[PDB]
Amino acid sequence: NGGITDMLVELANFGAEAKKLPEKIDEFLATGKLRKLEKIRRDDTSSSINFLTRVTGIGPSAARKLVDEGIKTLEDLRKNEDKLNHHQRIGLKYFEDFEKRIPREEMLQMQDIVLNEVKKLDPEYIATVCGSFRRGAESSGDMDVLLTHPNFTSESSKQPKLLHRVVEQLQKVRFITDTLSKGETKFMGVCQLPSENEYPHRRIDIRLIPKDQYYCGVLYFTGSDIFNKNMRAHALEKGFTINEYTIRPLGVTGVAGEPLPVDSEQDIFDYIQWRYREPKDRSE
Ligand SMILES: Nc1ncnc2c1ncn2[C@H]1C[C@H](O)[C@@H](COP(=O)(O)OP(=O)(O)OP(=O)(O)O)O1
């Protein structure tokens, strides 16, 4: 029966009473589940792994041994402080708040303060929060401001202090509450707007780019993927390759190139002829 064909599909996942012995019931159709397999229970230990990654900083290597450190839960780690760095220390301490998307109300808010801070700093800067909020969206998960200055480019490749100047600052103001890393061309960290009678902290990463590699790197973080995936294409279609870093005329056999200069966003869109496909509509 259709009836006996189903418990069937359930076992494999997991003469008549002979191929049988070759246990079962309506017990398969019913479901044991995770418990039924309890292999599956060891499989859920894979729920350790990915859950464990959920914690900040910890990447492939990290959790695996950590969990391996007999460990697997919120609280394992909570005890297991010693077992990680300043990074991951945080993305635990916060992590929870970490799984709660912001409100573009606040965005604009920091959106302000950020660019508001820089502006206090110098005029030659230019910053821009990008990623999602840009696209219009009601909900991000990480701030992401992109900076640059004329006194800097892909040629100098040496000006940490620059990017450094503002990080210091955003902290000054008590905004950037903590800090994951730091390494000249990149900052990633934890902010938080201001009070008076408290909001959760949000992941930000300040980047910087030569005032040249700027733009391309710009289009790229506004994504999406697919979006930046549908585009790499067409340009290539029309024979052009692009990357996080830049626009390049192709080649005879694939390998070939050279960076065209790049004033604004729309200049590339010019390159592979397409319409200035505004952010909002930048989904695919
Ligand atoms: N820790 C992470 N590891 C890998 N990919 C991540 C991680 N966090 C986010 N992503 C990727 C996959 C998510 O679907 C996407 C969204 O990240 P998020 O920081 O939230 O950006 P975003 O919220 O503005 O967009 P969305 O979340 O929609 O994808 O980014």
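Residue numbering for chain A follows Swiss-Prot; the residues present correspond to positions 12-25, 56-63, 71-245, 249-335, in that order.
Cβ coordinates come from backbone N, Cα and C, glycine included.
With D190, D192 listed by Swiss-Prot as binding Mg(2+) 2, the candidate from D124, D256, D263 annotated for that site turns out to be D256. Binding of 2'-deoxyribonucleoside 5'-triphosphate is attributed by Swiss-Prot to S180, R183, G189, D190, and within the candidate set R137, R149, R222 the record adds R149 to that site. Same-chain residues that are not part of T101, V103, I106 yet have a Cβ within 8 Å of the Cβ center of the K(+) 2 site turn out to be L100, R102, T104, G105, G107, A110, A111, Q136, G139. Note that 30 residues are not built between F25 and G56; their Cα atoms stand 21 Å apart. Taking a Cβ distance under 6 Å to any atom of ligand 1 as the criterion, the recorded positions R83, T101, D256 reduce to none.
For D190 (2'-deoxyribonucleoside 5'-triphosphate binding site), the nearest neighbour among the recorded positions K72, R83, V103, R152, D256, judged by Cα separation, is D256.
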